Structure formats: structure tokens, C-alpha cells
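Colleague: Structure for this input, please:
(2 chains)
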Amino acid sequence: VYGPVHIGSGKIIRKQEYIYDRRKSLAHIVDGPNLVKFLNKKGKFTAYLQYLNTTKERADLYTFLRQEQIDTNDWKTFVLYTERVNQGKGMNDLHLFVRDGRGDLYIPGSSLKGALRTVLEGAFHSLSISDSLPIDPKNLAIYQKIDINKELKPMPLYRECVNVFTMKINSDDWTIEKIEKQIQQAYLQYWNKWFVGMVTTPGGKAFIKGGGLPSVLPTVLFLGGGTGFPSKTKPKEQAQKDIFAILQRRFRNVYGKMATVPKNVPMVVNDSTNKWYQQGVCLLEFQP
RNA sequence: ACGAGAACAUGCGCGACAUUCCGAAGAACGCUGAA
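Modeller: Residues are numbered from 1 along each chain as shown, chains lettered A, B, ... in the order given. Take a look at the structure below.
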């Protein structure tokens, strides 16, 4: 996991749903009911409602708590847990990581299997992949999605990502050497056909200047989300033409209006450490 | 002082045997909008 990886759980929580300490630089992920009943008991529920009515757009919970000056230990009692944060801008949005019924951090094996199937294509019953081992929640830190299209820009999409598996095959259908060779070939194709376009852009120059890409980057996979359209899907020029056509067909606003073929289709992460990072990249190891 | 009188359509018996709700699925893509 050389880059922050977020596997969504279908739940997106707003700024007002959780607390964000800017000075302490930590995000308190809180459940709803505990906070609601705490405010009902302490008389802060009507105050919270008036706060929501006063400022519709920005309703950060931490600023409201500071305005009411509530005790920090009274904050901890309704907080589900806390996470270390990284922002390039209070946070706007937040995407939660996938948690099973018990609540441990884990990457589902289905994500790995789907990524492997996509990269290998170019059936699939023999390759049986199971869930990865549980990970302690402290590795779950909140990162930001940043778009680099000739210029870097922070985005409101903040995502809970992991900080930077048992599998069985049948010998005839799949082989470890063949699948790893195909993974490496797919990564090389991704580098040659699309990564060079981002290298040439000035935003890419800024990214490499700060050492954003790992020096080492073998077997590299795009496990989680935020990786891009070059993944999750040919001659180079024909491929670019197909992506441009499909983007024009689907996204009427950004791509449909503009007729000219961009420099690279598609046109497009900050951490408290000076090194820049990219979302979704992972390094894998297979043992028999 | 009835082609009549008596006379169980009854005895035994498993709706059973064989059967993977399963195979295929990355929670992900565009990155921007307003002032």
C-alpha cells in the first residue's frame, strides 16, 4: 500500500456529522444518536437547530461546540472514534472505510478479485481470493482527493484511507508467474500510454518535484478508489479516442461541450508529511 | 315367509431416492461549481 487506499462502504458523512479539530488537527468521527441525546439532555439541541438555521451552507460541528463551549470529556463520550487528518485547504466531505459487522478494518477480497480480473483481461472461477487479515483502526487516516490537470487543486472529497490474503488457484487455468507477468505488463502499459501525459503537464512536474511518486515505482495494483479512468477499464491513439468518445457520450458538461481532443484523456492526495501521495496504488507479494 | 340368508374391498406398503441458490461481478468514474 504505497499510496492511501480507500474502499468505500456506501456511506458518505457530511462536515456537520463529525467534529474536526483544526488546531489539534484530528477528526472525531461521531455517531448521530449519542450526540443528539447529549444535546437533548444538555439543552444544546435547540441551539444546534438554531445554528443550522442561521448558517445553511457551513455548519461545522466543531465551531458550534466551541461556540457553546462544551467540555472536551463531554465531547469524547459521544465520539465513535478519532482519526489523524491531512488537508490541503475545516473539511467539507468524508468517505468512510468498509467495516464488517464486528467493526475491524479490512479490504474485501472482492475488490482485489475484481481489480485482478480487470488487469488480467486483454470464467475466472479458479482464482479464489479471500478477505485480507484484520487491521487495527489507527492506520485509518483521512486524506484529500486532489486533481492535477496542468495545475494542482484541492477538492471537497475527503476520504478515509489506510496509511501507507489467502488465495487458491487451479494449476491448469491460472499460474502465478503468468498472472504476475500480466499485472506487470498492465502496469507498464498504464505508465507508457497515460502516465507520461501527466508527467509532461506542469502539475505533474510539481508532483515529481516534491517526490510524490515512490522511488521504487514490479507488481503494482490499483486496489481501492480514486485511481482514475486509465484503470478500471488497444493502440495508444485509438485508446485515447475511445476514452474521449465515451466521456463525451456520458459526461455532457465537462467533456461534451468541448469538442477538441485534450492533451490526454482523462485530463486528471496531500499528507502532513512533505512527501506527496497518490490514491489507490498498492504493492503485492504472493507466497505459495 | 323379499334369488334369499349371513359376508369390512380388506391385509402389507415412508411420495421416496439423487440434487452447492449458484456462476459472473473492484463502490467506482468525470473533476469541477460559485463568489
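Colleague: Can you name the residues bridging to residue A:14?
Modeller: Under DSSP bridges, the beta-bridge partners of residue A:14 are residue A:93.
Colleague: Please tell me I have it right and it contacts residue A:93.
Modeller: Yes. Look at residue A:14 against residue A:93 with CB atoms under 8 Å: they come within range, at 6.9 Å. (C-beta placed from N, C-alpha, C; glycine too.)
Colleague: Show me which of these two is the more surrounded one.
Modeller: When neighbours are counted by other CB atoms under 10 Å, residue A:14 and residue A:93 differ, and residue A:93 comes out ahead with 16 against 13.
Colleague: what's the helix or strand harbouring residue A:248 packed up against?
Modeller: Element membership for residue A:248 (DSSP states H and E) is helix A:236-250. Helices and strands touching helix A:236-250, by 3 or more CB pairs under 8 Å, 6 or more residues apart in numbering; DSSP states H and E: there are none.
Colleague: The helix or strand that that helix is followed by and RNA strand B in contact?
Modeller: Per DSSP H and E, the first helix or strand lying C-terminal to helix A:236-250 is strand A:281-283. No. Using CB under 7 Å from any atom of the strand, we find that strand A:281-283 stays clear of RNA strand B, coming within 10.3 Å at best.
Colleague: quick one: strands adjacent to strand A:281-283?
Modeller: Sheet pairing for strand A:281-283, using DSSP bridges, gives strand A:220-222 (antiparallel).
Colleague: does RNA strand B sit close to the partner strand?
Modeller: Yes. Judged by CB under 7 Å from any atom of the strand, strand A:220-222 comes into contact with RNA strand B through residue A:222.
Colleague: Wasn't residue A:89 part of a strand?
Modeller: No. Counting by DSSP: H, G, I helix; E, B strand; the rest coil, residue A:89 is not part of a strand but coil.
Colleague: Pull the contacting residues for it.
Modeller: Neighbour list for residue A:89: A:144, A:154 [criterion: CB atoms under 8 Å, 6 or more residues apart in numbering].
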